[PDB]
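Here the structure is laid out as structure tokens; the discussion comes afterwards.
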Amino acid sequence: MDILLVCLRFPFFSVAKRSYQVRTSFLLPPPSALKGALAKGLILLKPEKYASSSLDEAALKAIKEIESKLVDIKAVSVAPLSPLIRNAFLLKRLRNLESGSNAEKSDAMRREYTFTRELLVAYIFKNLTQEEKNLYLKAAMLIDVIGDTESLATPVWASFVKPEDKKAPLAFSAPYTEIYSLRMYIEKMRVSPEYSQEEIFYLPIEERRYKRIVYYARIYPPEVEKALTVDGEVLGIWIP
Amino acid sequence: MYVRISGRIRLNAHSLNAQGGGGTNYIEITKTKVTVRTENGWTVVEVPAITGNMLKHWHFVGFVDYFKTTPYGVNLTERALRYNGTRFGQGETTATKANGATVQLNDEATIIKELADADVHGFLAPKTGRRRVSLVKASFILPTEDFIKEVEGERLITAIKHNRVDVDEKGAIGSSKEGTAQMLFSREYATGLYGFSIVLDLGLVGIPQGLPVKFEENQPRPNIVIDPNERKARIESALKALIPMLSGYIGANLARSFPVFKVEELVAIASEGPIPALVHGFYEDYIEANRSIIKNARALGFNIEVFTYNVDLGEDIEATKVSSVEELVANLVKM
Amino acid sequence: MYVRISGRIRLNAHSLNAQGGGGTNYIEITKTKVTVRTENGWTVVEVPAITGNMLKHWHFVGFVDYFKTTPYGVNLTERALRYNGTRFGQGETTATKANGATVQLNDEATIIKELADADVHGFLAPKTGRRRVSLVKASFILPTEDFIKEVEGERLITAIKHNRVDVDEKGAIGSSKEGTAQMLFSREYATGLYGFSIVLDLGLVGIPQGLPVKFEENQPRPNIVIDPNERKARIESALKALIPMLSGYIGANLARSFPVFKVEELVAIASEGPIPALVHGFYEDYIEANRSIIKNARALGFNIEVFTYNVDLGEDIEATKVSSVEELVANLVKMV
Amino acid sequence: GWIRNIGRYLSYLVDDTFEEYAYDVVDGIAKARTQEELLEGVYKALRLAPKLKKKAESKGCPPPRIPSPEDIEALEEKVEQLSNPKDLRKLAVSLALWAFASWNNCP
Amino acid sequence: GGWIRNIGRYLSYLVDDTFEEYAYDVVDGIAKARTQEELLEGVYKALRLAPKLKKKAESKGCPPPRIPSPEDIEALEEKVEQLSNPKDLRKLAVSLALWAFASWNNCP
Amino acid sequence: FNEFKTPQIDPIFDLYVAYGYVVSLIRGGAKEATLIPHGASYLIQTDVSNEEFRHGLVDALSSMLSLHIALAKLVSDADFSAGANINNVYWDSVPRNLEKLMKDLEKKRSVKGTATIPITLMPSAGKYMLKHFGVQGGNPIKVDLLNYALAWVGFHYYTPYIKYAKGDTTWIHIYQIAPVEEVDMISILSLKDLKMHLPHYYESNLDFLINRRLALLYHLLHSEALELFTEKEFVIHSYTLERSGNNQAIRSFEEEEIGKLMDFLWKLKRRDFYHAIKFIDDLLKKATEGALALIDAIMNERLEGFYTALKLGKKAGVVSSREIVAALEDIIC
């Protein structure tokens, strides 16, 4: 099973939750946002295959093709290697998308941008073909933005890695279905993007405090026979 | 064409991007939390930071200003002239240009043909669809982690008060019952060396989002639905809009503050193909990350051209020395 | 008419823009933090400063002073005659002209045609919503980086206390229970070589923001709502307002202090078109940065006009060796 | 730690009973990046000894007490090794902080 | 190296009471020692008043002033000789200037 | 162990419903019950029975209704009626919803409907929601009656709140305290004592009730329930409600912490109590600007913030006694 391992160094994260007014955001980037980013990468890297009348259909077909290449509905997980904090901001997000209310109704609204210093993404594949391996490696790169246009994103290196069936704690995110048999963090995450579903994922984040601040440090989870190493240290990743 | 710029700018005594305070007499500056290393310690520090909405709006203002100079400035919405840009909405299906010309929103091709701001900064038409994302993106403006480490604590924010005296006909001043307005407000002024990063995706300007190439004569030529001459004019206008970006035209309170602006260092890379974003200037080791990313891109077969201002970034990289941001704009507008 | 100025002014014994009020003793000058290199990490130092509101209001005063004498002086706000800049505060709908005629805030064109200060310096209408950003913007007056580095922090401040001679009519100095005010109050006086930057956007004078163009003959003709001669006079007055600027009329407490001024060196550029903002004189390397900026702007096809005083600049690009500030503004008004 | 005896002296220059109001010395000692300006500020504060002593003498209430020479060398024998400003702050700010306390001097 | 207090004890005699010799100018000049030359000049001005205090102390039932030893003068001279930087000159001058104001028990 | 689960909707309102379970257990018993932080669910370990939880609850929501008749379609100036509900329509709805629990719970009958929730129960809700290409009519966010009533019980009994009128407008500061690691039942009951009914301060001299981070210090200064946050890690979630010209909106959601401020106050008041509350109140009322610098130093451990606070306070009316100054130096270390 070829694993796409990439390091993302983006300062501020911007995808919000199922909410309004004050838009709470995810603690970790969602699989849907990463899937959309890779769909856009396929759009601007190989536009001959993906060329639709509207961008909505092109994005939908790219996401469908990616899911077809994906092992299962259970999508990619992420690994935060830096502490997480909630950074509430104020922006003039105009409220004009409702009925009436003229066309210029700008009000101050809250939308926090969690601060991240480093992050790792481990896409799980099913031994894809070589002729598309380099193309998808390049597409995984050049992810210039995540979430909204404000939150810039930038990669550093991407590579192909194998599990080699290593024993290590599962420091990634896994669906809360098989984890019953195994200081925990589970919530609805919206794995599947909606194009006109809601699966509870476990998050490896602890709100412990050492002296005065809590941030979000490691979780020290139970060991899993399935994992893979990088730069010496081994991360636990689940596969279906 | 496709360019990306990241650097550090030394600006001080500025009052940008406040929380409004429309119901409060105290007007503070924006506050942000930063995690940083402290010699085996992960601490959080409070520093001001300009939101990317500000940078995008001011870049749009510069673009719409430089678009009036060219003779082809007629293709522009009347709304953009007033520094507006809400760009329709669910209940709007008609676009009004500068001359007052009705434009339908049936497809993105005609919209970008008749409008320039919509082509660059995007728009939405929830009534009919045709979603178009902005082709210019800006990161936030934060001080680098090195500056926070060097300063450790300390306020770095100066609270300065100004009064609004409104006397009566001869000399009579009143506080809260004479019907006059006498209020003494306080504004927070920030300093420090900040980091900025922007991605300019100009090569797609004038090309519909759904049809990047025409692909009719067995050759995937770009689907430039607009005149190539005024397409290049739009590219030049957007590139030169960056000139009043690294000069001190950012944020609010320009009349009373006018930030004392000076770019310290920057690295930019350009090419005609899709280019990865390099790094934010926030990180201390952003230069080594830039070197690694450009080395990887050039090893993967990318014709990257690199411009460097006040940085070495190695010798074996064929990087062009830059004397000022105007030098960078001049070198960019050659293509 | 777009013109930018930037230079260094020698200034000493100035109590400009103090913080404390008259009633409370020990009137203190304003302080601001600045970042400097000092051959190590970026260290922050508190230092006396002059806020940009100071410069904006004194520019307003100079503007009305040099605009009253013009034949179009009747087109001025009543509050402007009092040098009161509270243009259209909170809680009013209409204003009064200098001659007593009333003006209603409905459209920007009439406001900028009848009133001059509300046009050059902009205005805000809380009741109606009328907007006009200031066409003149001011930076601060901070000591330059090389000077603050070379002074190694000697506090640059002298706190001098003095008093009145408030005495009773009988000739006996009473206490607080009598009705006298025989108290000592302290004023802080600062010194040092500071740098300034003022940016003028006079090219848009007399042009409403809502409809800057009209396209009568399919030509981008600006919507000049006033007579062209009136616009020329207004531009000339605004440019002449800089003569009292670099002369000792940009601060408070001028009666008892009158800051000791001498412009050391400066550079000014103007090209009748959009221009990037110049590098402030705060940084020690602003000479080279401004030189490169103007050289490359001229290289890009901008008819940049450059005037320099006591600076070599480039010695190769077109630079006019101006000798005085009013000579500079005379050169500016020559080519309006 | 020989702070009260000098804290009261610095409060002497700000208390309402002494109508001289020399705030410059307090700001100078409080705002001190390095050694020399802190020493100059404390010297400026100490230079007003005759003013305080024979202004309170003219008032009637007992005169202020000058800091003893015993702890004068204590300040200079510790500040010499405080090269780092961050560790200097812990006492630089406290010197001014103790000057704004009550310190009931004389009724 | 211990002589700072020795010279400060003598310097304190020019400001304290029970001496009627209020020479604040020399103390201020020593405290305002911009360069080494006029620092030495201020020290010399302070030492010029030594005979006055020495002879008037016994005229009021007080111990004679502790005039600094020639070893103290040698220490001051060698300290000044190696100092060509105002950075440490300021702190050196303030060091002996601050001892002038102290609660010395000159007369019991 | 019952191990009663709590619905996962919004970790602010999800807290309220879960943070009010324990008091519905106090009136029925359920000894040795602990709340385990589930990231957002906030699960509680209980040995209670199903009926015992219900009989304990009907005694709790009895009190709010009993206080509701005390003032008067009945509108009372209480916490769950008008003190925290900034919307005029929600003044009547919440009492009517709560009294329906009388008719359902007391007659051994489970609820069968759902009701609209205000912005008070969660700031994350509102009036509209972007589905795909615009907003959805009505109020899409709805919660079952039982969780709704339990959330109101917890909000009334435990979560402190402060309302400032200042004429036509209205500022309502709402504070919820959240366990993050572990908590016992006796520890939770201590937090209940923090809440005080009807904190309608209004007035004009208390103009410092604006500025949330400055405003909450006044309530904590006069609160001496239990010094617990020094041994357990607890965080504060707050939001503000504004009624400037009948414009209901939220303008502040800053995520501060309460441990540092409380540890500051305990170290300040350990020396003297007479000169502690008086000094803070005198500085807070007179030198509001000094208070802002004071509180900023507490949350950032900055030395200069204390110096400016004392200087500006001494200017107007603050005695600034000696004992508190020594305490601050001990805080400085």
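How things are named: the first chain in the structure tokens is A, the next is B, and so on; residues count from 1 in each chain; ligands count from 1 in the order shown.
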
Residue contacts of residue A:124 (8 Å, only C-alpha atoms) excluding same-chain residues fewer than 3 positions away, as a PyMOL selection string: chain A and resi 1-4+70-71+75-76+239

Non-local contacts of residue E:19 (8 Å; only C-alpha atoms; under 6 positions in same chain excluded) as a count of residues only: 4

Restrict the distance test to only C-alpha atoms, flag each residue of chain D within 9 Å of chain C, and return the flagged residues as a PyMOL selection string. chain D and resi 19-24+28+31+33+37

Please produce an output containing C-alpha atoms for each residue in the selection, written as a short mmCIF file (atom, residue, chain, number, x, y, z; two decimals), in the first residue's frame.
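Below is the file that was written, part-v6.cif:
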data_model
loop_
_atom_site.label_atom_id
_atom_site.label_comp_id
_atom_site.auth_asym_id
_atom_site.auth_seq_id
_atom_site.Cartn_x
_atom_site.Cartn_y
_atom_site.Cartn_z
CA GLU D 19 4.54 69.52 46.92
CA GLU D 20 7.49 69.20 44.56
CA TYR D 21 6.27 66.42 42.22
CA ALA D 22 9.47 65.20 40.56
CA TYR D 23 8.13 62.34 38.44
CA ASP D 24 11.19 62.32 36.15
CA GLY D 28 14.06 57.19 34.89
CA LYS D 31 12.54 52.78 32.52
CA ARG D 33 17.41 49.42 29.67
CA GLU D 37 20.66 55.38 33.02
#

As a PDB file with N, CA, C and O atoms, in the first residue's frame, list the residues of stretch 125-200 of chain A assigned to strand (DSSP E or B) by DSSP on the backbone atoms of this structure.
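result-v8.pdb was written with the following content:
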ATOM      1  N   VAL A 145      -3.107  27.017  -0.957  1.00  0.00           N
ATOM      2  CA  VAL A 145      -4.115  27.551  -0.052  1.00  0.00           C
ATOM      3  C   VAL A 145      -4.981  26.411   0.467  1.00  0.00           C
ATOM      4  O   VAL A 145      -5.187  25.399  -0.209  1.00  0.00           O
ATOM      5  N   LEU A 152      -3.134  30.888   3.786  1.00  0.00           N
ATOM      6  CA  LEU A 152      -2.160  30.349   2.851  1.00  0.00           C
ATOM      7  C   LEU A 152      -1.591  29.031   3.376  1.00  0.00           C
ATOM      8  O   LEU A 152      -1.498  28.795   4.584  1.00  0.00           O
ATOM      9  N   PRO A 155       3.734  23.457   1.013  1.00  0.00           N
ATOM     10  CA  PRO A 155       4.443  22.216   1.332  1.00  0.00           C
ATOM     11  C   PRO A 155       5.951  22.429   1.317  1.00  0.00           C
ATOM     12  O   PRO A 155       6.463  23.456   0.869  1.00  0.00           O
ATOM     13  N   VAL A 156       6.664  21.423   1.824  1.00  0.00           N
ATOM     14  CA  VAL A 156       8.121  21.399   1.815  1.00  0.00           C
ATOM     15  C   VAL A 156       8.652  20.164   1.096  1.00  0.00           C
ATOM     16  O   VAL A 156       9.531  20.262   0.235  1.00  0.00           O
ATOM     17  N   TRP A 157       8.128  18.986   1.438  1.00  0.00           N
ATOM     18  CA  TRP A 157       8.556  17.751   0.798  1.00  0.00           C
ATOM     19  C   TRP A 157       7.424  16.735   0.839  1.00  0.00           C
ATOM     20  O   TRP A 157       6.651  16.680   1.798  1.00  0.00           O
ATOM     21  N   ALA A 158       7.341  15.927  -0.216  1.00  0.00           N
ATOM     22  CA  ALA A 158       6.390  14.831  -0.307  1.00  0.00           C
ATOM     23  C   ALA A 158       7.116  13.584  -0.790  1.00  0.00           C
ATOM     24  O   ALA A 158       8.083  13.670  -1.553  1.00  0.00           O
ATOM     25  N   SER A 159       6.643  12.420  -0.347  1.00  0.00           N
ATOM     26  CA  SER A 159       7.349  11.180  -0.635  1.00  0.00           C
ATOM     27  C   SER A 159       6.393   9.997  -0.593  1.00  0.00           C
ATOM     28  O   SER A 159       5.271  10.085  -0.084  1.00  0.00           O
ATOM     29  N   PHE A 160       6.874   8.880  -1.131  1.00  0.00           N
ATOM     30  CA  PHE A 160       6.178   7.601  -1.111  1.00  0.00           C
ATOM     31  C   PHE A 160       6.773   6.730  -0.013  1.00  0.00           C
ATOM     32  O   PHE A 160       7.993   6.549   0.044  1.00  0.00           O
ATOM     33  N   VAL A 161       5.919   6.200   0.859  1.00  0.00           N
ATOM     34  CA  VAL A 161       6.375   5.382   1.976  1.00  0.00           C
ATOM     35  C   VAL A 161       5.477   4.164   2.124  1.00  0.00           C
ATOM     36  O   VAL A 161       4.301   4.178   1.749  1.00  0.00           O
ATOM     37  N   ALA A 168       3.422   0.752  16.631  1.00  0.00           N
ATOM     38  CA  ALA A 168       3.561   2.088  17.195  1.00  0.00           C
ATOM     39  C   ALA A 168       2.208   2.628  17.647  1.00  0.00           C
ATOM     40  O   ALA A 168       1.166   2.178  17.153  1.00  0.00           O
ATOM     41  N   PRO A 169       2.180   3.574  18.584  1.00  0.00           N
ATOM     42  CA  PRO A 169       0.908   4.204  18.953  1.00  0.00           C
ATOM     43  C   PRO A 169       0.311   4.981  17.791  1.00  0.00           C
ATOM     44  O   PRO A 169       1.021   5.567  16.971  1.00  0.00           O
ATOM     45  N   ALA A 174      -8.540   8.470  13.566  1.00  0.00           N
ATOM     46  CA  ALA A 174      -9.232   7.298  13.061  1.00  0.00           C
ATOM     47  C   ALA A 174     -10.724   7.411  13.339  1.00  0.00           C
ATOM     48  O   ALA A 174     -11.130   8.058  14.309  1.00  0.00           O
ATOM     49  N   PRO A 175     -11.560   6.802  12.497  1.00  0.00           N
ATOM     50  CA  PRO A 175     -13.005   6.824  12.758  1.00  0.00           C
ATOM     51  C   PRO A 175     -13.353   6.090  14.044  1.00  0.00           C
ATOM     52  O   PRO A 175     -12.719   5.098  14.408  1.00  0.00           O
ATOM     53  N   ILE A 186     -13.260  12.780  20.437  1.00  0.00           N
ATOM     54  CA  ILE A 186     -14.046  12.315  19.301  1.00  0.00           C
ATOM     55  C   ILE A 186     -15.133  13.341  19.012  1.00  0.00           C
ATOM     56  O   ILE A 186     -15.703  13.925  19.942  1.00  0.00           O
ATOM     57  N   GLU A 187     -15.412  13.565  17.731  1.00  0.00           N
ATOM     58  CA  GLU A 187     -16.492  14.469  17.340  1.00  0.00           C
ATOM     59  C   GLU A 187     -16.835  14.253  15.871  1.00  0.00           C
ATOM     60  O   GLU A 187     -16.081  13.629  15.119  1.00  0.00           O
ATOM     61  N   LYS A 188     -17.997  14.777  15.480  1.00  0.00           N
ATOM     62  CA  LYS A 188     -18.416  14.781  14.087  1.00  0.00           C
ATOM     63  C   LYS A 188     -17.496  15.685  13.276  1.00  0.00           C
ATOM     64  O   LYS A 188     -17.139  16.783  13.717  1.00  0.00           O
ATOM     65  N   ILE A 200     -18.125  10.295  12.949  1.00  0.00           N
ATOM     66  CA  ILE A 200     -17.418  10.730  14.150  1.00  0.00           C
ATOM     67  C   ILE A 200     -15.991  10.202  14.098  1.00  0.00           C
ATOM     68  O   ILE A 200     -15.763   8.989  14.055  1.00  0.00           O
TER      69      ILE A 200
END

Taking only C-alpha atoms into account, which residues of chain E are within 12 Å of chain C, as a PyMOL selection string? chain E and resi 86-87+90

Any chance you can output those residues with N, CA, C and O atoms as a CSV table (one decimal), in the first residue's frame?
chain,number,residue,atom,x,y,z
E,86,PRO,N,33.2,56.3,27.0
E,86,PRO,CA,32.2,56.8,27.9
E,86,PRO,C,31.3,55.8,28.5
E,86,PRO,O,30.6,56.1,29.5
E,87,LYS,N,31.1,54.6,27.8
E,87,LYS,CA,30.2,53.6,28.2
E,87,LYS,C,30.4,53.2,29.7
E,87,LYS,O,29.5,53.3,30.5
E,90,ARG,N,30.7,56.7,32.4
E,90,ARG,CA,29.4,57.2,33.0
E,90,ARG,C,29.2,56.4,34.3
E,90,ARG,O,29.0,57.0,35.4

Contact residues (chain C, partner chain B, 6 Å, only C-alpha atoms) as a PDB file with N, CA, C and O atoms, in the first residue's frame:
ATOM      1  N   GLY C  52       0.546  61.909  14.065  1.00  0.00           N
ATOM      2  CA  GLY C  52       0.143  62.416  12.768  1.00  0.00           C
ATOM      3  C   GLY C  52      -1.054  63.337  12.813  1.00  0.00           C
ATOM      4  O   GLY C  52      -1.239  64.138  11.890  1.00  0.00           O
ATOM      5  N   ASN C  53      -1.871  63.247  13.864  1.00  0.00           N
ATOM      6  CA  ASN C  53      -2.976  64.185  14.011  1.00  0.00           C
ATOM      7  C   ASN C  53      -2.457  65.608  14.171  1.00  0.00           C
ATOM      8  O   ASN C  53      -3.064  66.561  13.664  1.00  0.00           O
ATOM      9  N   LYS C 137      -2.206  62.841   3.727  1.00  0.00           N
ATOM     10  CA  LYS C 137      -1.926  61.890   4.793  1.00  0.00           C
ATOM     11  C   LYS C 137      -0.541  62.155   5.365  1.00  0.00           C
ATOM     12  O   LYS C 137       0.388  62.522   4.637  1.00  0.00           O
ATOM     13  N   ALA C 138      -0.413  61.979   6.676  1.00  0.00           N
ATOM     14  CA  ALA C 138       0.794  62.338   7.404  1.00  0.00           C
ATOM     15  C   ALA C 138       1.316  61.144   8.186  1.00  0.00           C
ATOM     16  O   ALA C 138       0.544  60.432   8.835  1.00  0.00           O
ATOM     17  N   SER C 139       2.625  60.936   8.120  1.00  0.00           N
ATOM     18  CA  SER C 139       3.313  59.996   8.989  1.00  0.00           C
ATOM     19  C   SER C 139       3.643  60.702  10.301  1.00  0.00           C
ATOM     20  O   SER C 139       3.130  61.784  10.593  1.00  0.00           O
ATOM     21  N   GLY C 210     -17.879  59.224  -5.372  1.00  0.00           N
ATOM     22  CA  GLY C 210     -18.861  58.313  -5.941  1.00  0.00           C
ATOM     23  C   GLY C 210     -18.730  58.168  -7.445  1.00  0.00           C
ATOM     24  O   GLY C 210     -18.744  57.056  -7.977  1.00  0.00           O
ATOM     25  N   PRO C 276       4.238  55.556  -5.833  1.00  0.00           N
ATOM     26  CA  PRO C 276       4.401  54.814  -4.580  1.00  0.00           C
ATOM     27  C   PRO C 276       4.828  55.726  -3.440  1.00  0.00           C
ATOM     28  O   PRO C 276       5.542  56.711  -3.637  1.00  0.00           O
ATOM     29  N   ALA C 277       4.394  55.378  -2.233  1.00  0.00           N
ATOM     30  CA  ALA C 277       4.776  56.144  -1.056  1.00  0.00           C
ATOM     31  C   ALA C 277       6.271  56.005  -0.792  1.00  0.00           C
ATOM     32  O   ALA C 277       6.838  54.915  -0.896  1.00  0.00           O
ATOM     33  N   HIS C 280      10.106  56.552   4.685  1.00  0.00           N
ATOM     34  CA  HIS C 280      10.209  57.569   5.720  1.00  0.00           C
ATOM     35  C   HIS C 280      11.665  57.790   6.115  1.00  0.00           C
ATOM     36  O   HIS C 280      12.506  56.895   5.998  1.00  0.00           O
ATOM     37  N   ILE C 293      14.012  53.652  -5.633  1.00  0.00           N
ATOM     38  CA  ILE C 293      12.586  53.677  -5.948  1.00  0.00           C
ATOM     39  C   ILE C 293      12.308  54.676  -7.063  1.00  0.00           C
ATOM     40  O   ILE C 293      11.639  54.355  -8.051  1.00  0.00           O
ATOM     41  N   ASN C 296      13.911  53.577 -10.533  1.00  0.00           N
ATOM     42  CA  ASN C 296      13.176  52.522 -11.214  1.00  0.00           C
ATOM     43  C   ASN C 296      11.776  52.965 -11.617  1.00  0.00           C
ATOM     44  O   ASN C 296      11.249  52.483 -12.626  1.00  0.00           O
TER      45      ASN C 296
END
